[PDB]
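Notes to accompany the following structure.
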Amino acid sequence: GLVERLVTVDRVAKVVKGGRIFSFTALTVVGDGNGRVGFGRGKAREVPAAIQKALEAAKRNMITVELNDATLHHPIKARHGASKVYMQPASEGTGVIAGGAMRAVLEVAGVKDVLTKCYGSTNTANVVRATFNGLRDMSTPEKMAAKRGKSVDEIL
Amino acid sequence: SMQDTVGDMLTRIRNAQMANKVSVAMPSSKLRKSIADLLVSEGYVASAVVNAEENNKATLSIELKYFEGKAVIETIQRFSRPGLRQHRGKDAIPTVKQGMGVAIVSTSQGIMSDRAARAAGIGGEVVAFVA
Amino acid sequence: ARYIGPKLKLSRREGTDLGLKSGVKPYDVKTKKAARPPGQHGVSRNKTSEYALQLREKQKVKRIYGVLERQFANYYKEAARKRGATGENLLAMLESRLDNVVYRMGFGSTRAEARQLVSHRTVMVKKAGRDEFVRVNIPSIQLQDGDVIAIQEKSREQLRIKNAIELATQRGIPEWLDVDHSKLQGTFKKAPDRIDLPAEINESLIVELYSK
Amino acid sequence: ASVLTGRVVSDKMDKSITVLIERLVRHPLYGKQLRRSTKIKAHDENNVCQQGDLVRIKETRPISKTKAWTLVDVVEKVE
Amino acid sequence: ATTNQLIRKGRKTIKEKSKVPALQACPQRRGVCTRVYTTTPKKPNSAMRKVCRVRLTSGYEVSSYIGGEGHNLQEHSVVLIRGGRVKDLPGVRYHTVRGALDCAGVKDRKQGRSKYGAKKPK
RNA sequence: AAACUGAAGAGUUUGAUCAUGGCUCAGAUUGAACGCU
RNA sequence: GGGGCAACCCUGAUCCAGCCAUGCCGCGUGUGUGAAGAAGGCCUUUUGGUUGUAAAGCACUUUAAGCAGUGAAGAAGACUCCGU
RNA sequence: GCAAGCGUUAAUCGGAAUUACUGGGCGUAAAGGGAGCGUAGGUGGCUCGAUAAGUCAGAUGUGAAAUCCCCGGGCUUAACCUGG
RNA sequence: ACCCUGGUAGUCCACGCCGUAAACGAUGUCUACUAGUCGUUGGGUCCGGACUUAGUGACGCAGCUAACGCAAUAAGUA
């Protein structure tokens, strides 16, 4: 009862005495579609084994996300190294306005309406990781009010 | 030398919270006490007291808060700096974290939160964003 | 301009039944196809992409309602400016078209025949509040709440209409349309809801396609 | 009516002074307030005020080619 | 860049010049073919590309590329010239519109006829 | 009552990689021209 | 708008008409039904697939164009008569 | 895939956060002046007052009409026209 | 050319020009704050150590960085 999507597949090489050893790297994102989300990449000499290994790693690199029932609770700006990502909540019916790597994470995490933009390098793994960092650092009004020791009415 | 007193105050708070210090102390001022009192009444710091030292001097000491071992003050950034001051009207005060945070506003009625200034229908200098 | 070529080709390319043929017989036996898209190759290797899923979804609605790209993009542009969900608004304005309304009310067997009836001045419209009908040869007329539709006095004896009602009865009549077969007269009481429209058209793909 | 205050930077003309009016113009893109200053010649009939004084001047009909303001008050004087 | 530095200096964009200066911001331009010849392309490719040095009404004397298979251009031929650079041809920066004024369309063209000035065959 | 709704990236330097960085493309527009119709 | 008491005269302003897919918007070039899935073309493992309900056949419809009628509104009621 | 249009060329903005105000950088990728002193300038400690120029709020006048946007109304619909 | 044997300007002095170096820490200046450990230089105060100062080094958290690496002498937080 879990949703999986393969974001990118790359062909990498290693040099040896004989020549080049070609292997495959697959990055996948798994999620329930209800707030649980995770990503992982696998390497193997075959694409199906790389994909299965990426899925296995994604199933263990999981976090929980509290969404605003369709979207985010506040604008988020995140980064991982040189990919800078920005997401802001949008009105219902807007859709996921995102590139491939952002769209994978958001759609599999269950976001339906969000505005996004990638700055810096658009490396698929680093963009996925920056989006993942932002979703894991995102806060809720209840959590902010509890942290400050107030109520959600006391903290608009 | 030091030409941003408010920036220094917020930088001291930020570094102390990153280092997980119990409290942060500095030389005091009425502006610093106003900002610290706003932080206290917003719930970002536990308390802020002034102790009168000798030679007509004063020390402002702020007791920080931690929630689940993490600092309560997630981010505290200066918006209006001495090199570029930012004054906004009542309908241009920027919100912090979709209203979860506080934009500290210096208005003619004193230091108060962005939502307090909006309710009073008054603008001012947007000095910092704390969330 | 409108599409004139074969329709089962379109249905086979979209992979679903678009209702382009009459319901007089099942879609499976009407074509012994829809398992493969048209042409020499049909089912292919090298799987589709996000842009292909969006393009096919937009073409699906366009081919269902018989509206070309320019008018359909004007529809989306209006829907993204009206309040609420853009896809919901686009489906509502595609459902409020006069030819689609007369097809749902059952005076036409297919939307192409309904458009053919509307274009040939065989349908009169009575605007809400107005105490008069007027013959209208424009299929893209948007009907508001309460607009009345009636059949011309010199075309109620049409054989195609009389065999179009009996197909509409076998297919189902919407609840936002109040149609009376006794004098060939319907009423558009309200634009249909997204819950009334089938839950297999992903308008979200159309909205994401019209965002570069 | 339209009064303007500033320091006297020149008084070496008969029945005439130059007043330096300062203003804060804000940059349309960068939003910082630059302090700008215009030299305005005023008419001082009795030829009284000296350079370094604060003076108020008002717009009037032109007195000369480049002089259409007149002195109305010497609010401050050189120390 | 501080705020004071931005006010004192200000960030300037360089406006790049056009890649088709001989057109003078016009879609096409008429010229006379001063020389019709063939030339070899750059390193990877190998062919005899058909080119014409044409002096245009703007006062330029640029070299352009005759597209399609076979042409009828010779000295003192009046051609219409559009923008568009040939990648493997060094120096050629314009295309000859085939079928416009004196450059004929391609003879047996069937697929992309409008791009080569070929009438629809009956 | 409303005027308060909006933000996508890709290719290309390497045996492969991440970064930097230019070039190129997908959009919209026109008092348009040209080619086919 | 100019002249005249008016009648009226003038007005390439203006209101129109002509040409041009130059753009925007709209409509059409038909609609249903039709299989041993005809012929022909193309591919093919040489017998299948595809063109394809597509065509033919049958049943209808006449928007726009064409022909014939009818027919608003753009007009502000001038002049003249009567009354106050 | 568009469609009485469809492509190409020219041109502008976008994508380009690729002049970065929003919104970039400078150890090694392009980038700290060889170092200092200092002029204009920029910026600037604590406390109690004054002022009210900046700032903020209110009021008044103005910011032409058209256009953009919202709610409507009239063209068979739409473009278009039009009231607030 | 490198190697060898000679060898002049120059290198040295005085007074002036030149104004450039991988003139480098390839790191502008100034201010505040942010785990720690071990050296060394110049002071100072206490009881051979202890502490405190201003330099000068080697390590090493958090943080930062594309990575290397920097890390109170930041390339950290302002």
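In what follows, chains are A, B, ... by sequence order, proteins preceding strands, each numbered from 1. Below, all heavy atoms of this structure are taken into account, side chains as well, without hydrogens, waters or symmetry copies.
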Could you measure between the two P atoms, the one in I/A75 and the one in I/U45, and give it in whole Å?
36 Å

Please determine, for I/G57, whether a Watson-Crick or G-U wobble partner exists with both distances under 3.5 Å, and give it or none.
I/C38

What's B/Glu125 touching, base or sugar-phosphate or nothing? Going by heavy atoms closer than 4.0 Å.
nothing

For a quick check of understanding: with a heavy-atom distance under 4.0 Å over all strands, which category does E/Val97 fall into, base, sugar-phosphate or nothing?
sugar-phosphate

Of B/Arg78 and A/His80, the one whose closest nucleotide on RNA chain I sits nearer the 5' end is A/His80

Under 4.0 Å, counting only non-hydrogen atoms across every strand here, what does E/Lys15 touch: a base, just sugar-phosphate, or nothing?
sugar-phosphate

Could you pull out all residues at least two apart from C/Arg160 that satisfy side-chain hydrogen bond (donor to acceptor under 3.5 Å, both in side chains)?
none

Looking only at the side chain of C/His120 (C-beta and beyond, no hydrogens), which of the listed nucleotides G/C43, G/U61, H/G42 gets closest?
G/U61

Could you check which nucleotide pairs with H/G83 in any of the strands shown, counting Watson-Crick or G-U wobble with both distances under 3.5 Å?
H/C71

Out of G/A54, I/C33, H/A17, minimum distance to the side chain of C/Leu8 belongs to G/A54

Which part of the nucleic acid, if any, lies within contact of D/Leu29, taking any heavy atom under 4.0 Å across all strands shown: a base, the sugar-phosphate backbone alone, or nothing?
base

Classify the side chain of C/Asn137 versus the base of H/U76 as yes if they form a donor-acceptor pair under 3.5 Å and no if they do not.
yes

Is it the case that the base of G/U31 and the side chain of C/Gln116 share a donor-acceptor contact (distance under 3.5 Å, atom types as modelled)?
no

Do both conditions hold for G/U61 and G/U62, namely six-membered ring centres separated by less than 5.5 Å and ring planes inclined at less than 30°?
yes

Paired nucleotide for H/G25 [Watson-Crick or G-U wobble; both distances under 3.5 Å]
none

Between C/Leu98 and C/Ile149, which heavy-atom pair has the shortest distance, and what is it?
CD1-CD1, 3.5 Å

Between G/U33, I/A32, H/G54, which one does the side chain of C/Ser22 approach most closely?
G/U33

So, OP1 or OP2 of H/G58: does either fall under 4.0 Å of a side-chain N or O from B/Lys90?
yes

Which of G/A64, G/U31, I/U77 is nearest the side chain of C/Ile4? It is G/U31

Between B/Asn15 and B/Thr11 (side chain of the first, backbone of the second, donor and acceptor by atom type, cut-off under 3.5 Å), is there such a pair?
yes

Let's test this: given Watson-Crick or G-U wobble pairing with both distances under 3.5 Å, identify the partner of F/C36.
H/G5

Taking CD1 from C/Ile161 and P from G/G32, how many angstroms apart are they, rounded to a whole number?
14 Å

Give one of base, sugar-phosphate or nothing for A/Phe22, where a contact means two heavy atoms less than 4.0 Å apart.
nothing

Can you check the E/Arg29 CZ to F/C34 P distance for me, whole Å?
14 Å

Which whole-number value in Å describes the distance from A/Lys84 NZ to H/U22 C1'?
13 Å

Between atom CZ in C/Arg135 and atom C1' in G/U61, what is the gap in whole Å?
13 Å

Side chains of B/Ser28 and B/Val50: closer than 4.5 Å at any heavy-atom pair?
yes

Provide the Watson-Crick or G-U wobble partner of H/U12, both distances under 3.5 Å; none if there is no partner.
F/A28

Among I/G63, G/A35, G/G52, the nucleotide that comes nearest once only the side chain of C/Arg12 is considered
G/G52

With a distance cut-off below 6.0 Å to the six-membered ring centre and an angular limit of 45° from the axis, does E/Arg98 pair with E/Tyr116 as a cation-pi contact?
no

If I take atom NZ in residue C/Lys212 and atom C1' in nucleotide H/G15, what distance separates them, rounded to the nearest angstrom?
6 Å

I want to verify a distance call: between G/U29, G/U50, I/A66, whose nearest atom is closest to the C/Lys33 side chain?
G/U50

What's the closest nucleotide to the E/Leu6 side chain, out of F/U5, F/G27, H/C21?
H/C21

Could you tell me whether the side chain of A/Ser91 has a donor or acceptor atom within less than 3.5 Å of a complementary atom in the base of F/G6?
yes

Compare all side-chain heavy atoms of D/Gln33 with those of D/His27 and state whether any distance is below 4.5 angstrom.
no

Under a 3.5 Å distance rule, please check whether C/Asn163 uses its side chain to pair with a backbone N or O of C/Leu159 as donor and acceptor.
yes

Based on whether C1'-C2'-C3'-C4' is positive or negative, which pucker family does F/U14 belong to?
north

In Watson-Crick or G-U wobble terms, both distances under 3.5 Å, what is the partner of I/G16?
none

Base, sugar-phosphate, or nothing for C/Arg70, non-hydrogen atoms under 4.0 angstrom?
sugar-phosphate

Proximity to the side chain of A/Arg20 - top-ranked nucleotide from G/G26, I/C33, F/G15
F/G15

If you look at every strand shown and take non-hydrogen atoms under 4.0 Å, does E/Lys110 touch a base, only sugar-phosphate, or nothing?
nothing

Taking any strand in view, what nucleotide pairs with I/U77 in a Watson-Crick or G-U wobble way, both distances under 3.5 Å?
I/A32

Searching all strands shown, indicate the nucleotide that pairs with I/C46 (Watson-Crick or G-U wobble; both distances under 3.5 Å).
I/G49

Which whole-number value in Å describes the distance from C/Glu78 CD to H/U77 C1'?
14 Å

What does A/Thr122 touch in the nucleic acid at a heavy-atom separation under 4.0 angstrom: a base, only the sugar-phosphate, or nothing?
sugar-phosphate

Pick the nucleotide of RNA chain I nearest each of B/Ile76 and B/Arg12; which residue has the one closer to the 5' end?
B/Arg12

Which part of the nucleic acid, if any, lies within contact of D/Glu22, taking any heavy atom under 4.0 Å across all strands shown: a base, the sugar-phosphate backbone alone, or nothing?
nothing

Check whether the aromatic ring of B/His87 stacks on the base of H/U55, taking stacking as ring centres less than 5.5 Å apart and planes within 30° of each other.
no

Taking the side chain as C-beta and beyond, is there a heavy-atom pair between A/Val85 and A/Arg79 under 4.5 Å?
no

Would you mind telling me which of G/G32, G/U50, F/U17 lies closest to the side-chain atoms of C/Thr110?
G/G32

Side-chain atoms of A/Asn126 come closest, of F/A19, G/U61, H/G42, to F/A19

